[PDB]
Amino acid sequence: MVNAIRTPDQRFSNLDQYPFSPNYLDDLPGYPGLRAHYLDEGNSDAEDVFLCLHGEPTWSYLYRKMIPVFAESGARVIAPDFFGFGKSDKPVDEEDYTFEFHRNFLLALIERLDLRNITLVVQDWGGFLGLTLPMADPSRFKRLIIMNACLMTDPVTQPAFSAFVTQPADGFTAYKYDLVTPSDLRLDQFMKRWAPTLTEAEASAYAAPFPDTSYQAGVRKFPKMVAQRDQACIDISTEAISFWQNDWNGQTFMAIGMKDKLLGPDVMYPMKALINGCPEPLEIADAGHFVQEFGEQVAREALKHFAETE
């Protein structure tokens, strides 16, 4: 029952621009023996809380440029590392990672920390999973900041959320290929390719959580879950659509990384239509899949947009 390993702390000693202190939650309901890492920045008694969820194959380090902007506005910021990523523990078997394994973890984190007045900030898997959280506990969610992401429903229901899987060849097909094929996966090399504006140091931070391949079962399972969606993922994702379309009435802000070959306009415009009240998206011409690397701007504009609608 959940064989996992922990990344030696020395691997995080020379992180670039990541002065955020570690917080851990051991033995969350349904996660015995697993220690989860998360950042808790800004006023801990703040009324507003920004839940920042990362994706594949990154960690909370991805939100490092957005965190300060949010904390400065007077809000609290929670940025958790999924099991298998960042400083959280990493199950050694790919079988242990599932849509509900990661989803239930997010729900347990929300209940444990008793988060309220939440502004959900998502991208990629943070969105696939994150966008399904509100419907399970609506009163806790207030706003949404969505960057390149969608819902993992079936091809018939939403063809746009499946089409990108097979085309273009240099889009998700290439992304997935780079992650599931190399016997010796080097995430610093991966991130420099998929986020060409990263410095050598920043790229090193993405490799930091993984001393060797045995620490990458979670990294290898995520892309596979996008291509092969189980029934639970499909149903949860389909129920999520109805929520964003008929139940959601909170403030929303969308930003599109225009150079994203995976989840750009093809996926983001159909998403905008599904989220009730979603305004015209902020198009970021230079941004890639990892919109957060251009996050200071997204952070500032999201706060400005939220204030004008208070």
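Numbers for residues come from their place in the sequence shown, where the first is 1.
As listed in the deposited structure, the average C-alpha B-factor of 80-88 and of 224-232 is greater for 224-232. Between 239-247 and 57-65, it is 239-247 that carries the larger average Cα temperature factor according to the deposited entry. The top Cα temperature factor in the record, among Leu263, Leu282, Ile275, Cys52, falls on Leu263.
Taking the deposited Cα B-factors for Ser162, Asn117, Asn148, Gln189, the highest one is held by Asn117. For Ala46, the recorded CA temperature factor ranks within the highest third of the chain's modelled residues. Looking at the C-alpha B-factors along this chain, the one for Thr157 belongs to the middle third. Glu200: CA B factor lies in the middle third for its chain, per the PDB record.
Ranked against the other modelled residues of its chain, the C-alpha B-factor of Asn14 as given in the entry falls in the highest third.
Annotation for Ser214: C-alpha temperature factor in the middle third relative to the rest of the modelled chain, per the entry.
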